[PDB]
Amino acid sequence: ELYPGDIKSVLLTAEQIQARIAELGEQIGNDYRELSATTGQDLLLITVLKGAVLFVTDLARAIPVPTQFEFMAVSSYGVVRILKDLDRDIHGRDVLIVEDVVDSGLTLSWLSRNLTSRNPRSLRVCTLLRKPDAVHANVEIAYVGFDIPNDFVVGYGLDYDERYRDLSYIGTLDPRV
Amino acid sequence: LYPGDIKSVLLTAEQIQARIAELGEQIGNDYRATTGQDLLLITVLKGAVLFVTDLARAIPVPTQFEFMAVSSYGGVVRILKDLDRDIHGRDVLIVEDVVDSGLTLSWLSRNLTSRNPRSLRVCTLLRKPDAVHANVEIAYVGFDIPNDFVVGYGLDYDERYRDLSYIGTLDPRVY
Amino acid sequence: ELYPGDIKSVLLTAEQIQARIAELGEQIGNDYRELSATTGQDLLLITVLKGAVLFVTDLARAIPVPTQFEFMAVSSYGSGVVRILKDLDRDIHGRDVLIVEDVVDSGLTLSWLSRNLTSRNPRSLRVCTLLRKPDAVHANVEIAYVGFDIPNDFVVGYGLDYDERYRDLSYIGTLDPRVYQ
Amino acid sequence: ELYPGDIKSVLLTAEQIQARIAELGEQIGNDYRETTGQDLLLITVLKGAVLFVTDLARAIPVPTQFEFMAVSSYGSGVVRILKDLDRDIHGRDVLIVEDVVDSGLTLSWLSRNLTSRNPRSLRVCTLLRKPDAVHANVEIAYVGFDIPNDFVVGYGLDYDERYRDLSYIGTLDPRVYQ
Ligand SMILES: O=c1[nH]cnc2c1ncn2[C@@H]1CNC[C@@H]1OCP(=O)(O)O
Ligand SMILES: O=c1[nH]cnc2c1ncn2[C@@H]1CNC[C@@H]1OCP(=O)(O)O
Ligand SMILES: O=c1[nH]cnc2c1ncn2[C@@H]1CNC[C@@H]1OCP(=O)(O)O
Ligand SMILES: O=c1[nH]cnc2c1ncn2[C@@H]1CNC[C@@H]1OCP(=O)(O)O
Ligand SMILES: [Mg+2]
Ligand SMILES: [Mg+2]
Ligand SMILES: [Mg+2]
Ligand SMILES: [Mg+2]
Ligand SMILES: [Mg+2]
Ligand SMILES: [Mg+2]
Ligand SMILES: [Mg+2]
Ligand SMILES: [Mg+2]
């Protein structure tokens, strides 16, 4: 065990995650199958740094169609500041936003509006985890991995002060941390 | 995924994960309470994002993530995205996908050491024969491969073939 | 001289520039003097690197109301389609913002910048350019403050450049074709 | 008056500021007039020294170019790069243009960072210098003024992103930065 005592409870084991991603990729693959030959360009996965890097690497390999990578680095104004923009113009591209968790959905709403103004051919959202407050915002999420309670969790990219990211499983963090 | 593009398979997906399992265990034993700070993996976007996610899960000690985005001018690169936190007194492990000319690695090494980390080592999945010409000490190497252009497992040709679980050799007709 | 054999003719002398900016300053000052003390926040000047840098410095010192500085570094993906190299430092939400440009011709980047800043929901958004080319006279992006209506000549000076040169010129002149060939 | 009751006193008027910059410009020009074919490269860190660099470049008789860097802070010369140079300064004559040097920790980093890019020549020009920078480890060949340790604003200098547009440099009243 990496963090003894810090993990209060195990929410999603590594077995659950990889199995869900396996069938998530198949679903995404089935939907974007008539686009690798109907258009001419591969599915574009856009990921916000950095908690969703573990998920996007497993997902891209789980999707049975060719996929490309694009990353974004953002920070909150203390509406978010762009620390690192995309490398390519996503005009006429099939873009799939890949998130790790959607709670308030504020940044997701911003990102959705920001990418759509770049005029993609298509634009959908895929997240590994969805929290109850994501009902209050509504950005249409076509691909949801898991619906979980409103408890702070870590593991599989998810963090608390840049820690617990390297966990293969997703568990609930102990409040004493 | 890419019918007719891949000529042959250099490293299968099973062999990659098996070696990464070895690397993590090796890295884990070397970096294993005194500091009170976790191991810090610094990765240059974006061909080594697949390798660092598997490696970090293969390392039996707590590891953190830091990413950098760079671009070429025109040995010297442009920082498009710097680190999020100060690596002062931190055990930094640079994670690369492949080292060939090693000019960017040389630049990155000098750049990070000026930030004064506690330690600084380099781990790469692949190493090409002309890495000897680059004066950068690499503590952890996954595979020594020929100079032939390869794709897969993060490696790309015009932003493609990154999603391949294996590392294959591209057909020169494509390149 | 600084660039002999390069500058063919002076389109706008140094004197004509300082005289027009002073006039622009008071005009902007009067229009924003109300909202200045009413909202309690200063006028926000947003400038895109790096041509309009010289212009925004002289302009802000010409406006008789307190003005703040803000910069944004951008790049082109391909030919408007714009990549952000350096985003703004603070929130634009609920701020009186005046876009400060050096010159507008195609207006592609300006159209992008306008649409982008409006998404941040400013209290007010207007554009001020030092120079305007014929193809930008009847654009969709409204510009309330135009310094000069210059012809379609490729000009350098006062921030303007060709291959990162002639920026330091105190005046604006028509560059010789022998240079940009 | 832009700010009626905020400026305690005027340290440097607009007249004596532009007079010094004119002197600096000629001094820089006569030094860099001496063959390479490449112009003098001015490097400025946002945002304070953006007013000084525009006036200085127009005060320097030799052709000068513009390069800008934007930096932030981690904790702290520990520093983050938000906007790197968009040009390679290899074998270039680089002059760092600063607004004020106090602790000089940022300047120390900027020196080490730029020198690793291997410029032809690297020098520093600052408009203002505070007592704890007079005998700093980084050499500054061009100093406009040596001012006291008092917190000043104006001519690019700021407090909470204000007072930058002032044509003069004045001392802020303790009421403001309390
Ligand atoms: O349980 C968590 N573990 C790790 N990180 C979490 C958790 N819940 C929220 N987050 C983070 C907090 N900042 C982004 C992310 O929230 C998603 P959103 O922008 O839709 O509110
Ligand atoms: O076989 C390859 N497949 C995919 N990418 C490759 C390959 N060989 C080189 N590269 C890239 C080329 N640019 C960075 C990287 O080279 C490593 P270095 O910076 O040490 O020279
Ligand atoms: O006469 C010129 N001198 C110096 N630069 C010029 C000139 N005309 C255009 N430009 C540039 C071209 N790219 C940005 C700037 O024009 C603004 P826009 O995006 O509206 O075309
Ligand atoms: O009197 C001032 N008015 C406005 N800004 C000031 C003043 N003194 C310092 N500064 C700023 C504070 N951050 C950078 C600069 O300090 C100089 P350094 O980083 O070399 O110690
Ligand atoms: Mg996320
Ligand atoms: Mg987080
Ligand atoms: Mg790499
Ligand atoms: Mg590549
Ligand atoms: Mg402009
Ligand atoms: Mg230009
Ligand atoms: Mg400064
Ligand atoms: Mg300041």
# chains A, B, ... in the order shown; residues from 1 in each chain; ligands from 1
$ select_by_dssp --residues "chain B" --states "strand (DSSP E)" --output "number ranges by chain"
B: 6-11, 39-44, 63-72, 77-81, 91-99, 119-127, 140-144, 150-151, 167-170
$ residues_near_ligand --ligand "ligand 2" --cutoff "8 Å" --atoms "only C-alpha atoms and all ligand atoms" --output "ChimeraX atom specification"
/B:47,97-105,128,131,147-152,155-157
$ write_last_selection --atoms "N, CA, C and O atoms" --output "short mmCIF file (atom, residue, chain, number, x, y, z; two decimals), in the first residue's frame"
data_model
loop_
_atom_site.label_atom_id
_atom_site.label_comp_id
_atom_site.auth_asym_id
_atom_site.auth_seq_id
_atom_site.Cartn_x
_atom_site.Cartn_y
_atom_site.Cartn_z
N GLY B 47 4.50 12.99 -26.13
CA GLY B 47 4.70 11.62 -26.55
C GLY B 47 4.95 10.67 -25.39
O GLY B 47 4.83 9.46 -25.54
N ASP B 97 10.07 9.59 -23.62
CA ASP B 97 9.62 8.48 -24.44
C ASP B 97 10.78 7.86 -25.20
O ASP B 97 10.96 6.64 -25.21
N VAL B 98 11.58 8.71 -25.83
CA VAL B 98 12.73 8.26 -26.60
C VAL B 98 13.81 9.35 -26.63
O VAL B 98 13.50 10.54 -26.71
N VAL B 99 15.07 8.93 -26.54
CA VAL B 99 16.18 9.86 -26.63
C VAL B 99 17.06 9.52 -27.83
O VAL B 99 17.57 8.41 -27.95
N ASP B 100 17.22 10.49 -28.73
CA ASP B 100 18.02 10.30 -29.93
C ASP B 100 19.19 11.27 -29.96
O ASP B 100 20.30 10.92 -29.56
N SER B 101 18.94 12.49 -30.43
CA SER B 101 19.96 13.53 -30.44
C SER B 101 20.23 14.00 -29.02
O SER B 101 21.37 14.32 -28.66
N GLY B 102 19.18 14.05 -28.21
CA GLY B 102 19.30 14.40 -26.80
C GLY B 102 19.55 15.87 -26.54
O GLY B 102 20.00 16.24 -25.46
N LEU B 103 19.27 16.71 -27.53
CA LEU B 103 19.49 18.15 -27.39
C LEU B 103 18.47 18.78 -26.45
O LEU B 103 18.82 19.63 -25.63
N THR B 104 17.22 18.37 -26.57
CA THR B 104 16.16 18.87 -25.69
C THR B 104 16.38 18.36 -24.27
O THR B 104 16.20 19.09 -23.30
N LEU B 105 16.77 17.09 -24.16
CA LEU B 105 17.07 16.49 -22.86
C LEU B 105 18.23 17.21 -22.18
O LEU B 105 18.20 17.44 -20.97
N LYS B 128 18.06 5.58 -28.67
CA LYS B 128 18.63 5.36 -29.99
C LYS B 128 20.16 5.45 -29.93
O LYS B 128 20.71 6.06 -29.01
N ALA B 131 22.53 8.48 -28.79
CA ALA B 131 22.35 9.08 -27.47
C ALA B 131 23.69 9.19 -26.75
O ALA B 131 23.85 9.99 -25.83
N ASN B 147 18.13 3.09 -35.01
CA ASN B 147 17.82 4.47 -35.36
C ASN B 147 16.59 4.60 -36.25
O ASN B 147 16.16 5.71 -36.57
N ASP B 148 16.02 3.46 -36.63
CA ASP B 148 14.82 3.45 -37.47
C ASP B 148 13.65 4.18 -36.80
O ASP B 148 13.45 4.07 -35.59
N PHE B 149 12.90 4.93 -37.59
CA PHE B 149 11.78 5.70 -37.08
C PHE B 149 10.63 4.78 -36.65
O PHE B 149 10.11 4.01 -37.44
N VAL B 150 10.25 4.88 -35.38
CA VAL B 150 9.19 4.04 -34.83
C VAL B 150 8.00 4.87 -34.35
O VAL B 150 8.14 6.05 -34.02
N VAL B 151 6.83 4.24 -34.31
CA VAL B 151 5.62 4.89 -33.81
C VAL B 151 4.90 3.99 -32.82
O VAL B 151 5.18 2.79 -32.75
N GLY B 152 3.98 4.56 -32.06
CA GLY B 152 3.21 3.80 -31.09
C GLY B 152 3.56 4.14 -29.66
O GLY B 152 4.67 4.60 -29.38
N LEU B 155 4.46 7.71 -29.23
CA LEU B 155 5.28 8.15 -30.36
C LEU B 155 4.41 8.38 -31.59
O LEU B 155 3.46 7.65 -31.83
N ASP B 156 4.76 9.40 -32.37
CA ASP B 156 3.89 9.82 -33.46
C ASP B 156 4.62 10.14 -34.76
O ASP B 156 5.82 10.38 -34.78
N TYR B 157 3.85 10.14 -35.85
CA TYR B 157 4.27 10.74 -37.10
C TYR B 157 3.14 11.66 -37.57
O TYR B 157 2.10 11.18 -38.03
#
$ atom_distance --atom1 "CA of residue 96 in chain D" --atom2 "CA of residue 155 in chain C"
27.9 Å
$ residues_near_ligand --ligand "ligand 1" --cutoff "6 Å" --atoms "only C-alpha atoms and all ligand atoms" --output "PyMOL selection string"
chain A and resi 101-107+151-154+158-159
$ select_by_dssp --residues "range 49-165 of chain A" --states "helix (DSSP H, G or I)" --output "NGL selection string"
:A and (53-60 or 106-116 or 132-135)
$ write_last_selection --atoms "N, CA and C atoms" --output "compact mmCIF listing (two decimals), in the first residue's frame"
# COMPACT_ATOMS: atom_id res chain seq x y z
N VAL A 53 -5.06 12.62 -17.24
CA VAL A 53 -4.06 12.05 -18.13
C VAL A 53 -4.03 10.53 -18.04
N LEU A 54 -4.28 9.99 -16.85
CA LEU A 54 -4.33 8.54 -16.66
C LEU A 54 -5.53 7.96 -17.39
N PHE A 55 -6.64 8.69 -17.35
CA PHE A 55 -7.88 8.23 -17.97
C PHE A 55 -7.82 8.29 -19.49
N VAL A 56 -7.21 9.34 -20.02
CA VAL A 56 -7.17 9.53 -21.47
C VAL A 56 -6.19 8.56 -22.14
N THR A 57 -5.19 8.11 -21.41
CA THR A 57 -4.22 7.16 -21.96
C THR A 57 -4.83 5.76 -22.04
N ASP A 58 -5.61 5.40 -21.03
CA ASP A 58 -6.28 4.11 -21.02
C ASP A 58 -7.47 4.10 -21.97
N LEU A 59 -8.14 5.24 -22.09
CA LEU A 59 -9.32 5.35 -22.95
C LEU A 59 -8.94 5.29 -24.43
N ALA A 60 -7.92 6.04 -24.81
CA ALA A 60 -7.48 6.10 -26.20
C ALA A 60 -7.06 4.73 -26.72
N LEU A 106 -18.41 24.03 -14.00
CA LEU A 106 -18.15 25.41 -14.41
C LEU A 106 -17.09 25.48 -15.50
N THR A 107 -15.96 24.82 -15.25
CA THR A 107 -14.86 24.81 -16.21
C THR A 107 -15.26 24.05 -17.48
N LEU A 108 -16.03 22.99 -17.31
CA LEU A 108 -16.54 22.21 -18.43
C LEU A 108 -17.42 23.06 -19.33
N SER A 109 -18.24 23.91 -18.71
CA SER A 109 -19.10 24.83 -19.44
C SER A 109 -18.26 25.83 -20.23
N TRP A 110 -17.22 26.36 -19.59
CA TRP A 110 -16.32 27.31 -20.23
C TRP A 110 -15.58 26.66 -21.41
N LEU A 111 -15.06 25.46 -21.18
CA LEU A 111 -14.31 24.74 -22.21
C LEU A 111 -15.19 24.39 -23.40
N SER A 112 -16.43 24.01 -23.12
CA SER A 112 -17.39 23.67 -24.16
C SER A 112 -17.63 24.87 -25.09
N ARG A 113 -17.88 26.03 -24.49
CA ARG A 113 -18.12 27.24 -25.26
C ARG A 113 -16.86 27.68 -26.00
N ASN A 114 -15.70 27.48 -25.37
CA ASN A 114 -14.43 27.90 -25.96
C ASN A 114 -14.06 27.10 -27.20
N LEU A 115 -14.30 25.79 -27.15
CA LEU A 115 -13.94 24.92 -28.26
C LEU A 115 -14.94 25.00 -29.41
N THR A 116 -16.21 25.24 -29.09
CA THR A 116 -17.25 25.33 -30.10
C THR A 116 -17.09 26.57 -30.97
N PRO A 132 -23.07 14.44 -8.09
CA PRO A 132 -24.47 14.89 -8.06
C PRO A 132 -24.71 16.35 -8.46
N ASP A 133 -23.76 17.23 -8.17
CA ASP A 133 -23.93 18.65 -8.48
C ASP A 133 -23.87 18.93 -9.98
N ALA A 134 -23.45 17.93 -10.75
CA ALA A 134 -23.35 18.07 -12.20
C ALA A 134 -24.72 18.10 -12.86
N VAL A 135 -25.77 17.90 -12.06
CA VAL A 135 -27.14 18.02 -12.54
C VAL A 135 -27.50 19.50 -12.67
$ residues_around --residues "residue 43 in chain A" --least-positions-apart "6" --cutoff "10 Å" --atoms "only C-alpha atoms" --output "PyMOL selection string"
chain A and resi 28-29+32-33+35-36+60+63+65-69+93-96+122
$ write_last_selection --atoms "N, CA, C and O atoms" --output "PDB file, in the first residue's frame"
ATOM      1  N   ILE A  28     -17.735   4.490 -27.759  1.00  0.00           N
ATOM      2  CA  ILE A  28     -17.201   5.631 -28.493  1.00  0.00           C
ATOM      3  C   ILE A  28     -16.753   5.208 -29.890  1.00  0.00           C
ATOM      4  O   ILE A  28     -16.973   5.924 -30.867  1.00  0.00           O
ATOM      5  N   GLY A  29     -16.132   4.035 -29.975  1.00  0.00           N
ATOM      6  CA  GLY A  29     -15.676   3.501 -31.245  1.00  0.00           C
ATOM      7  C   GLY A  29     -16.819   3.242 -32.207  1.00  0.00           C
ATOM      8  O   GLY A  29     -16.718   3.536 -33.398  1.00  0.00           O
ATOM      9  N   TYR A  32     -18.087   6.696 -33.492  1.00  0.00           N
ATOM     10  CA  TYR A  32     -17.178   7.426 -34.370  1.00  0.00           C
ATOM     11  C   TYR A  32     -16.554   6.528 -35.433  1.00  0.00           C
ATOM     12  O   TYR A  32     -15.494   6.840 -35.972  1.00  0.00           O
ATOM     13  N   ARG A  33     -17.215   5.414 -35.734  1.00  0.00           N
ATOM     14  CA  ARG A  33     -16.729   4.504 -36.764  1.00  0.00           C
ATOM     15  C   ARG A  33     -16.971   5.081 -38.153  1.00  0.00           C
ATOM     16  O   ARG A  33     -16.101   5.016 -39.022  1.00  0.00           O
ATOM     17  N   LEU A  35     -16.715   7.901 -39.390  1.00  0.00           N
ATOM     18  CA  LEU A  35     -16.103   9.223 -39.401  1.00  0.00           C
ATOM     19  C   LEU A  35     -14.625   9.125 -39.760  1.00  0.00           C
ATOM     20  O   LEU A  35     -14.006  10.108 -40.166  1.00  0.00           O
ATOM     21  N   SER A  36     -14.066   7.929 -39.607  1.00  0.00           N
ATOM     22  CA  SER A  36     -12.674   7.682 -39.959  1.00  0.00           C
ATOM     23  C   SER A  36     -12.533   7.450 -41.460  1.00  0.00           C
ATOM     24  O   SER A  36     -11.427   7.458 -42.000  1.00  0.00           O
ATOM     25  N   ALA A  60      -7.918   6.044 -24.810  1.00  0.00           N
ATOM     26  CA  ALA A  60      -7.476   6.103 -26.201  1.00  0.00           C
ATOM     27  C   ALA A  60      -7.061   4.733 -26.723  1.00  0.00           C
ATOM     28  O   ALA A  60      -7.245   4.427 -27.900  1.00  0.00           O
ATOM     29  N   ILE A  63     -10.309   2.636 -27.248  1.00  0.00           N
ATOM     30  CA  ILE A  63     -11.157   3.022 -28.369  1.00  0.00           C
ATOM     31  C   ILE A  63     -10.636   2.409 -29.668  1.00  0.00           C
ATOM     32  O   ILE A  63      -9.522   2.710 -30.098  1.00  0.00           O
ATOM     33  N   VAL A  65     -10.938   2.903 -32.673  1.00  0.00           N
ATOM     34  CA  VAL A  65     -10.682   3.753 -33.831  1.00  0.00           C
ATOM     35  C   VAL A  65      -9.470   4.636 -33.535  1.00  0.00           C
ATOM     36  O   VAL A  65      -9.160   4.889 -32.370  1.00  0.00           O
ATOM     37  N   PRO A  66      -8.761   5.087 -34.584  1.00  0.00           N
ATOM     38  CA  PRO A  66      -7.591   5.949 -34.372  1.00  0.00           C
ATOM     39  C   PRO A  66      -7.942   7.264 -33.682  1.00  0.00           C
ATOM     40  O   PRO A  66      -8.860   7.963 -34.111  1.00  0.00           O
ATOM     41  N   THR A  67      -7.215   7.587 -32.616  1.00  0.00           N
ATOM     42  CA  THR A  67      -7.457   8.809 -31.857  1.00  0.00           C
ATOM     43  C   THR A  67      -6.176   9.621 -31.676  1.00  0.00           C
ATOM     44  O   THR A  67      -5.086   9.061 -31.572  1.00  0.00           O
ATOM     45  N   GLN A  68      -6.317  10.943 -31.635  1.00  0.00           N
ATOM     46  CA  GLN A  68      -5.177  11.831 -31.435  1.00  0.00           C
ATOM     47  C   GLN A  68      -5.251  12.521 -30.076  1.00  0.00           C
ATOM     48  O   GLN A  68      -6.296  12.522 -29.427  1.00  0.00           O
ATOM     49  N   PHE A  69      -4.136  13.113 -29.655  1.00  0.00           N
ATOM     50  CA  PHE A  69      -4.053  13.741 -28.341  1.00  0.00           C
ATOM     51  C   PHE A  69      -3.872  15.254 -28.413  1.00  0.00           C
ATOM     52  O   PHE A  69      -3.068  15.759 -29.198  1.00  0.00           O
ATOM     53  N   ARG A  93     -12.950  19.314 -37.075  1.00  0.00           N
ATOM     54  CA  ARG A  93     -12.479  18.106 -36.411  1.00  0.00           C
ATOM     55  C   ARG A  93     -13.544  17.520 -35.491  1.00  0.00           C
ATOM     56  O   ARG A  93     -14.369  18.246 -34.937  1.00  0.00           O
ATOM     57  N   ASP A  94     -13.519  16.201 -35.338  1.00  0.00           N
ATOM     58  CA  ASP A  94     -14.395  15.521 -34.394  1.00  0.00           C
ATOM     59  C   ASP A  94     -13.740  15.498 -33.019  1.00  0.00           C
ATOM     60  O   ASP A  94     -12.853  14.686 -32.755  1.00  0.00           O
ATOM     61  N   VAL A  95     -14.179  16.399 -32.146  1.00  0.00           N
ATOM     62  CA  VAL A  95     -13.534  16.585 -30.853  1.00  0.00           C
ATOM     63  C   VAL A  95     -14.313  15.937 -29.713  1.00  0.00           C
ATOM     64  O   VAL A  95     -15.521  16.134 -29.581  1.00  0.00           O
ATOM     65  N   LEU A  96     -13.611  15.163 -28.893  1.00  0.00           N
ATOM     66  CA  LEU A  96     -14.203  14.553 -27.712  1.00  0.00           C
ATOM     67  C   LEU A  96     -13.474  15.009 -26.452  1.00  0.00           C
ATOM     68  O   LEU A  96     -12.354  14.575 -26.181  1.00  0.00           O
ATOM     69  N   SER A 122     -17.817  18.142 -34.844  1.00  0.00           N
ATOM     70  CA  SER A 122     -18.615  17.597 -33.752  1.00  0.00           C
ATOM     71  C   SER A 122     -17.920  17.839 -32.417  1.00  0.00           C
ATOM     72  O   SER A 122     -16.701  18.013 -32.366  1.00  0.00           O
TER      73      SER A 122
END
$ interface_residues --of "chain B" --to "chain A" --cutoff "9 Å" --atoms "only C-alpha atoms" --output "MDAnalysis selection string"
chainID B and resid 1:2 38 45:46 49:50 52:54 56:67 69 80:82 154 159:165
$ write_last_selection --atoms "N, CA and C atoms" --output "compact mmCIF listing (two decimals), in the first residue's frame"
# COMPACT_ATOMS: atom_id res chain seq x y z
N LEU B 1 -6.21 -0.71 -36.51
CA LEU B 1 -6.31 0.75 -36.50
C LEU B 1 -5.73 1.35 -37.78
N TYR B 2 -4.48 1.00 -38.08
CA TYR B 2 -3.80 1.53 -39.25
C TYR B 2 -3.32 0.42 -40.18
N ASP B 38 7.09 13.21 -1.87
CA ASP B 38 6.99 12.14 -2.86
C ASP B 38 7.93 12.36 -4.04
N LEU B 45 5.61 17.16 -22.75
CA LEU B 45 4.49 16.85 -23.64
C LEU B 45 4.97 16.60 -25.07
N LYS B 46 4.36 15.65 -25.77
CA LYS B 46 3.24 14.87 -25.23
C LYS B 46 3.35 13.40 -25.61
N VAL B 49 3.34 10.82 -22.37
CA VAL B 49 2.25 10.86 -21.41
C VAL B 49 1.71 9.45 -21.14
N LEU B 50 1.76 8.59 -22.15
CA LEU B 50 1.33 7.21 -21.98
C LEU B 50 2.32 6.45 -21.11
N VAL B 52 4.48 7.66 -18.88
CA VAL B 52 4.57 8.15 -17.50
C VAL B 52 3.39 7.68 -16.65
N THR B 53 2.23 7.48 -17.27
CA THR B 53 1.06 7.03 -16.53
C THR B 53 1.19 5.57 -16.12
N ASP B 54 1.77 4.77 -17.01
CA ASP B 54 1.99 3.36 -16.72
C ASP B 54 3.17 3.18 -15.76
N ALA B 56 4.32 5.41 -13.47
CA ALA B 56 3.97 5.91 -12.15
C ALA B 56 3.16 4.88 -11.36
N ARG B 57 2.33 4.12 -12.07
CA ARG B 57 1.54 3.07 -11.45
C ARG B 57 2.38 1.82 -11.24
N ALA B 58 3.55 1.79 -11.86
CA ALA B 58 4.46 0.65 -11.73
C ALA B 58 5.52 0.90 -10.67
N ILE B 59 5.59 2.13 -10.17
CA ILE B 59 6.55 2.49 -9.14
C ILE B 59 5.94 2.36 -7.74
N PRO B 60 6.45 1.42 -6.94
CA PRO B 60 5.93 1.08 -5.61
C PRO B 60 6.12 2.16 -4.54
N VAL B 61 6.47 3.38 -4.95
CA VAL B 61 6.53 4.50 -4.02
C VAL B 61 5.63 5.62 -4.54
N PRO B 62 5.14 6.49 -3.64
CA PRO B 62 4.28 7.60 -4.06
C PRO B 62 4.98 8.54 -5.04
N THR B 63 4.35 8.79 -6.19
CA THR B 63 4.92 9.66 -7.21
C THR B 63 3.94 10.75 -7.62
N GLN B 64 4.46 11.95 -7.88
CA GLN B 64 3.63 13.07 -8.31
C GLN B 64 3.86 13.40 -9.79
N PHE B 65 2.98 14.21 -10.36
CA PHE B 65 3.05 14.53 -11.78
C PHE B 65 3.32 16.01 -12.06
N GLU B 66 4.20 16.26 -13.02
CA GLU B 66 4.46 17.60 -13.52
C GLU B 66 4.72 17.54 -15.02
N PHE B 67 4.05 18.40 -15.77
CA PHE B 67 4.16 18.38 -17.23
C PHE B 67 4.74 19.68 -17.77
N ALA B 69 5.36 21.80 -21.63
CA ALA B 69 5.15 21.89 -23.07
C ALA B 69 6.20 22.81 -23.69
N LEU B 80 6.41 26.68 -23.56
CA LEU B 80 5.02 27.05 -23.79
C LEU B 80 4.19 26.80 -22.53
N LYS B 81 4.70 25.95 -21.65
CA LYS B 81 4.04 25.65 -20.39
C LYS B 81 5.06 25.20 -19.35
N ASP B 82 5.32 26.06 -18.38
CA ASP B 82 6.31 25.78 -17.34
C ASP B 82 5.70 24.91 -16.24
N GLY B 154 2.50 6.55 -27.67
CA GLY B 154 2.80 7.95 -27.49
C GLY B 154 3.61 8.54 -28.63
N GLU B 159 1.37 13.59 -35.51
CA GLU B 159 0.32 13.48 -34.49
C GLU B 159 -0.58 12.26 -34.66
N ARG B 160 -0.05 11.19 -35.25
CA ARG B 160 -0.82 9.96 -35.40
C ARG B 160 -0.10 8.77 -34.77
N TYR B 161 -0.79 7.63 -34.72
CA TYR B 161 -0.24 6.38 -34.20
C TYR B 161 0.12 6.42 -32.71
N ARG B 162 -0.24 7.51 -32.03
CA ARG B 162 0.07 7.64 -30.60
C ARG B 162 -0.72 6.64 -29.76
N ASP B 163 -1.93 6.31 -30.21
CA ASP B 163 -2.85 5.49 -29.43
C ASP B 163 -2.53 4.00 -29.49
N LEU B 164 -1.51 3.63 -30.25
CA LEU B 164 -1.10 2.23 -30.35
C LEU B 164 -0.54 1.73 -29.02
N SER B 165 -1.01 0.58 -28.57
CA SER B 165 -0.55 -0.01 -27.32
C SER B 165 0.86 -0.56 -27.48
$ interface_residues --of "chain C" --to "chain D" --cutoff "8 Å" --atoms "only C-alpha atoms" --output "list in words"
residues 2, 3, 50, 53, 54, 57, 60, 61, 64, 65, 66, 67, 68, 69, 73, 85, 86, 164, 165, 166, 167, 168, 169 and 170 of chain C
$ atom_distance --atom1 "atom 15 (C, counted along the ligand's line) of ligand 3" --atom2 "CA of residue 103 in chain C"
6.1 Å
$ closest_residue --among "D:122, D:127, D:153, D:45" --to "residue 25 in chain D" --atoms "only C-alpha atoms"
D:127
$ atom_distance --atom1 "CA of residue 105 in chain D" --atom2 "CA of residue 106 in chain B"
25.2 Å
$ closest_residue --among "C:59, C:92, C:49, C:84" --to "ligand 3" --atoms "only C-alpha atoms and all ligand atoms"
C:49
$ interface_residues --of "chain D" --to "chain B" --cutoff "7 Å" --atoms "only C-alpha atoms" --output "list in words"
residues 74, 80, 81, 84, 87 and 88 of chain D
$ write_last_selection --atoms "N, CA, C and O atoms" --output "mmCIF file, in the first residue's frame"
data_model
loop_
_atom_site.group_PDB
_atom_site.id
_atom_site.type_symbol
_atom_site.label_atom_id
_atom_site.label_comp_id
_atom_site.auth_asym_id
_atom_site.auth_seq_id
_atom_site.Cartn_x
_atom_site.Cartn_y
_atom_site.Cartn_z
ATOM 1 N N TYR D 74 6.347 31.265 -7.829
ATOM 2 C CA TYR D 74 6.024 30.004 -7.173
ATOM 3 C C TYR D 74 5.847 30.241 -5.680
ATOM 4 O O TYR D 74 4.774 30.017 -5.120
ATOM 5 N N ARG D 80 8.273 31.485 -12.285
ATOM 6 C CA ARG D 80 7.599 30.714 -13.314
ATOM 7 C C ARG D 80 7.524 31.513 -14.613
ATOM 8 O O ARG D 80 7.380 32.735 -14.593
ATOM 9 N N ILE D 81 7.630 30.819 -15.739
ATOM 10 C CA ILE D 81 7.522 31.470 -17.033
ATOM 11 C C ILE D 81 6.119 31.316 -17.602
ATOM 12 O O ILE D 81 5.673 30.205 -17.889
ATOM 13 N N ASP D 84 7.383 32.960 -22.592
ATOM 14 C CA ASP D 84 8.795 32.886 -22.940
ATOM 15 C C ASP D 84 9.082 33.783 -24.138
ATOM 16 O O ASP D 84 8.158 34.245 -24.808
ATOM 17 N N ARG D 87 11.621 34.378 -29.690
ATOM 18 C CA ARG D 87 12.768 34.367 -30.594
ATOM 19 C C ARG D 87 14.018 33.843 -29.892
ATOM 20 O O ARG D 87 14.193 34.035 -28.689
ATOM 21 N N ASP D 88 14.883 33.179 -30.652
ATOM 22 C CA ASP D 88 16.139 32.668 -30.117
ATOM 23 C C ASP D 88 17.187 33.777 -30.076
ATOM 24 O O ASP D 88 17.550 34.337 -31.111
#
$ interface_residues --of "chain C" --to "chain A" --cutoff "8 Å" --atoms "only C-alpha atoms" --output "list in words"
residues 77, 78, 81, 83, 84, 85, 86, 87, 88, 89, 90, 91 and 120 of chain C
$ closest_residue --among "D:11, D:40, D:85, D:95" --to "ligand 4" --atoms "only C-alpha atoms and all ligand atoms"
D:11
